[PDB]
Structure formats: C-alpha cells, structure tokens
Amino acid sequence: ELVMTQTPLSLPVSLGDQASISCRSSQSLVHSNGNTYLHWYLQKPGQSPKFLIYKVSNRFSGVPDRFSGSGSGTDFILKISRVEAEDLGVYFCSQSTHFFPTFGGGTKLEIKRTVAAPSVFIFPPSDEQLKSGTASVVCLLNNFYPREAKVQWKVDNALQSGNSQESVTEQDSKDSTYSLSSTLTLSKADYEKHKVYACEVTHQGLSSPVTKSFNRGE
Amino acid sequence: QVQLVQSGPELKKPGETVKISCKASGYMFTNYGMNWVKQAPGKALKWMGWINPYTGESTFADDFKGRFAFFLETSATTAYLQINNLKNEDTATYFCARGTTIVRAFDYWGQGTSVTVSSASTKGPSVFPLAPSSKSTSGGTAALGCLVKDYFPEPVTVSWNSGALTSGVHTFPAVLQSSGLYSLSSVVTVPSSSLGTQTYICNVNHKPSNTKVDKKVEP
C-alpha cells in the first residue's frame, strides 16, 4: 500500500510570510521511465480542486510564481512565498507514478492577521415565522479575528443555555476574517412570554462586551 | 475554455442506484481520460477510477470494484458514474476530473455532485426574512438576511438579487437541530441609505425537494 503523508495538518502563516508544506510517500515516485509524477492541487472552501503544480516543480498555467515545489524520490515540498489572503484552502499532493493514483490527506493553510472586532446585529423573528408557530432570534458577529468569540443570550436578563446553535464561516478570501451566527430558537408561546431579547458578545477585539437587544413587538 | 459541469444533488435510499453526469465542453472529448474522485464529509480525496473515451475501457481502484460503473455518451460529450446498491458509506461529493495523460494529472475538475443516502424523505425549507437593522436617516451599514429553516438533505443554494449582489454576503454552514433537519441564515451588509432605494431578494434553491423561493427582505 502506497501511503502519501502531509505535514502539518494545519499551517498558520502571516501575510507576506513563507508557507512550507511537506509530502512524504512510502515508496519512490521516480518512475522506471525517468519521470517523477508528483502533483499539487488546491481546494478552496466549497469549491472543486484546482491544478497547481505538476511533476514536482512545474506550475500550471495561471499559477503565480510565488508557488514552487521541490524534492525528489520520497520527499517533496510546496513553498508559497509571500503568502496572500487568497491562498487560503486545503493543499493536496498526489501521485500517479504507481497504479492507482493517490492523494495525501491535505494541509489546511490558515492566515494569521491582526485582531479585528466584530460588528454585532440582532434580528427578531419574522411575523411569517411566528404565524408558523415558532420563533428564531438571530445574532450576527461580522468580520472578526480571531475565530474565538463568546456569545451569550439573555431573555429578560436570564442567561439562556441549550436552546441556541452557532455557525462560523471559513476565513474570508480577501480580509481573512470570520463571521458567526448565533440562533436562539423557541416555541412561539415561550417567545411571547418575555419582552427583552439580548445577545452579548465577548471578543479579543472588544475592550468590554457588546450587547445588542430588542423589545418584543417593536 | 475547458469545462466539466456535473448534475445536481441527489437523495437516495439504501439499495437504490444513482447515476451522476459530467458534461464536458471546450476540448476533444475522446482524447483525454475521464476520472472520478470521491470526497466523503471532512475527508481526503479518493481516486475511484477512470474510463478511457478513446477505447471505452474502465479501470477501478480496489475499493471501487463491484457496485461502480462508468459510461460515456460521446455524441453528447458526457461521462457518467453509476453506483448501484447504495450504502451510507456512499454519502459523499463525487468529482469528475479530466486526465491530461501527457503529464498524468487531473488538470480540470467538475464542480462536484453531492449524494446523500438516507432512509428519510426530503423536506423543503421554509424561508424567512431577517429584516434590516437600521433606518436610512441614521447612516452607516445595515445588515439584512434570510433564514432557511428545516430542510433535508444538504445542500441548499442561496443567491441575492439573482446573483447580482455578491459583495458583503455570508451564507453560513448548515447546522442540525434535534429535529434531524438543517437550518442556516444568509446575511448581507449594505449602506443603510440604500434601504430606501434598493430592494433585496434572497433566492433559495433546495433541489432535492424542488423548492425554489424568492423572498423580499424589507424593514
């Protein structure tokens, strides 16, 4: 069995710095015919892979010169010099010297940047949804770094647990920030038994927590 | 340009058969390999096999000998992947990829086709407005959105203003509720002064339930 191993699994790198991704195969990728069929693909968030480097060190058309591969035999490296925000995603090495073609397990390139505070917005339930018999309250934290963020819900000043879900985007391809949604879901009848709905956000970018709220019916 | 456009998402029951397509354009179809690659959730890419369109011959990786077949419709420049006797391990995104045999690589890929094997029937989403944060007369930025609630399976597609509004948009990953159903929100930020001029419609498409909804989002 031909194993391709990538290290590291995740690589955090600052903008303008060099990223270095290692790929090691369990057997030599030098083909008896003379060629070394080791390639690199990039898969960005939600997308199909794209062809990056072929036969160790050759860039595919349109691939900038800041990407460069090297190595021989069993050990290879992709170097991204002067990293940019658009270089975010999972890098995969691949071999097709031996049947069958195989991929390494991927390295996720993460961008390190300066702390950035979230913009916070609260959304009450639509009338349409309340008529359906349920109530979702949505809190948005937009364009922040780092990913770590604490979001609390208070309903009439009582701390809520167990009735909210969070979701976080991938890092933004232009400014390397994240955004997050917190959704508090309640039955319409529970919803209508209280007046004040507040979400409180604690984050590295904020010197003290920010609360957004609304009073029901207004 | 070279393009590989695959067919849409599928929901199937265990034991059924799914056939996925990949329409090629922009090159001599018969002169390049057509490869199929599997990506299960959170997983590395797996090469499944290829079909040689020059000769009609199919070759499979060890794990893909049995329930898997490849077909070609050369006149239609379309390649097909068929999976019979569907199992839960088959829930994955499947990619077609053109093989450039002169350096033995996969130079162009299709966009992916998502297949969910489940005993459960599809459920279409309800779409609700997340109404603008501010009014015009106090300026700056305003957030607005759509809540896409209670559907199965993944994926849904959300656009804004029929694809004309893309800047400032964040469609969040889906999350499961204890109901067994997904929900997500899609939000956009805009100048609060434009809420009085510009209308905002999120367009939601859940193909497995044939749900298409356009929802106007206002104050």
# chains A, B, ... in the order shown; residues from 1 in each chain; ligands from 1
>>> residues_around(residues="residue 119 of chain B", least_positions_apart="6", cutoff="9 Å", atoms="only C-alpha atoms", output="PDB file with C-alpha atoms, in the first residue's frame")
ATOM      1  CA  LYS B  12     -31.324   8.123  -2.449  1.00  0.00           C
ATOM      2  CA  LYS B  13     -32.485   5.238  -0.274  1.00  0.00           C
ATOM      3  CA  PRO B  14     -30.171   2.411   0.687  1.00  0.00           C
TER       4      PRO B  14
END
>>> interface_residues(of="chain B", to="chain A", cutoff="9 Å", atoms="only C-alpha atoms", output="VMD selection string")
chain B and resid 43 to 49 60 to 62 95 103 to 112 126 to 133 142 to 144 147 170 to 177 184 to 185 187
>>> write_last_selection(atoms="C-alpha atoms", output="short mmCIF file (atom, residue, chain, number, x, y, z; two decimals), in the first residue's frame")
data_model
loop_
_atom_site.label_atom_id
_atom_site.label_comp_id
_atom_site.auth_asym_id
_atom_site.auth_seq_id
_atom_site.Cartn_x
_atom_site.Cartn_y
_atom_site.Cartn_z
CA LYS B 43 -12.24 13.53 4.16
CA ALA B 44 -9.30 13.38 1.78
CA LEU B 45 -9.88 12.92 -1.93
CA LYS B 46 -10.14 9.28 -3.09
CA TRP B 47 -9.48 8.23 -6.68
CA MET B 48 -12.20 5.84 -7.74
CA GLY B 49 -11.16 5.08 -11.31
CA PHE B 60 -11.07 0.96 -10.90
CA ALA B 61 -9.22 1.38 -7.61
CA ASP B 62 -9.52 -1.70 -5.27
CA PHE B 95 -15.99 14.88 -8.85
CA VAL B 103 1.92 14.52 -17.61
CA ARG B 104 -0.55 12.14 -15.81
CA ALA B 105 -2.53 14.76 -13.92
CA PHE B 106 -6.11 15.94 -13.39
CA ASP B 107 -5.91 19.40 -14.95
CA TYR B 108 -9.62 20.29 -14.90
CA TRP B 109 -12.32 19.27 -12.47
CA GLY B 110 -16.08 19.42 -12.29
CA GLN B 111 -17.87 21.32 -9.55
CA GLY B 112 -18.91 18.26 -7.52
CA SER B 126 -39.18 27.46 4.92
CA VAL B 127 -37.58 30.81 4.13
CA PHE B 128 -37.99 33.75 6.50
CA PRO B 129 -36.76 37.38 6.28
CA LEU B 130 -34.11 38.80 8.65
CA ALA B 131 -35.18 42.40 8.34
CA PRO B 132 -32.85 45.47 8.08
CA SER B 133 -31.09 46.57 11.26
CA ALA B 142 -27.11 47.82 7.82
CA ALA B 143 -27.32 44.03 7.93
CA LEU B 144 -30.18 42.01 6.43
CA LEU B 147 -33.32 32.29 7.46
CA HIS B 170 -22.14 35.44 4.17
CA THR B 171 -24.11 32.22 3.84
CA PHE B 172 -23.40 30.20 6.97
CA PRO B 173 -22.71 26.47 7.14
CA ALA B 174 -25.87 24.42 7.85
CA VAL B 175 -26.40 23.09 11.36
CA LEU B 176 -28.59 20.26 12.58
CA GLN B 177 -31.27 20.74 15.19
CA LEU B 184 -28.90 28.21 8.02
CA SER B 185 -29.01 32.02 7.61
CA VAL B 187 -26.73 37.66 5.59
#
>>> atom_distance(atom1="atom CA of residue 192 of chain B", atom2="atom CA of residue 173 of chain A")
24.8 Å
>>> residues_around(residues="residue 26 of chain B", least_positions_apart="2", cutoff="12 Å", atoms="only C-alpha atoms", output="list in words")
residues 1, 2, 3, 4, 5, 23, 24, 28, 29, 30, 77, 98 and 108 of chain B
>>> residues_around(residues="residue 211 of chain A", least_positions_apart="3", cutoff="8 Å", atoms="only C-alpha atoms", output="ChimeraX atom specification")
/A:198-201
>>> closest_residue(among="B:160, B:94, B:71, B:182", to="residue 214 of chain B", atoms="only C-alpha atoms")
B:160
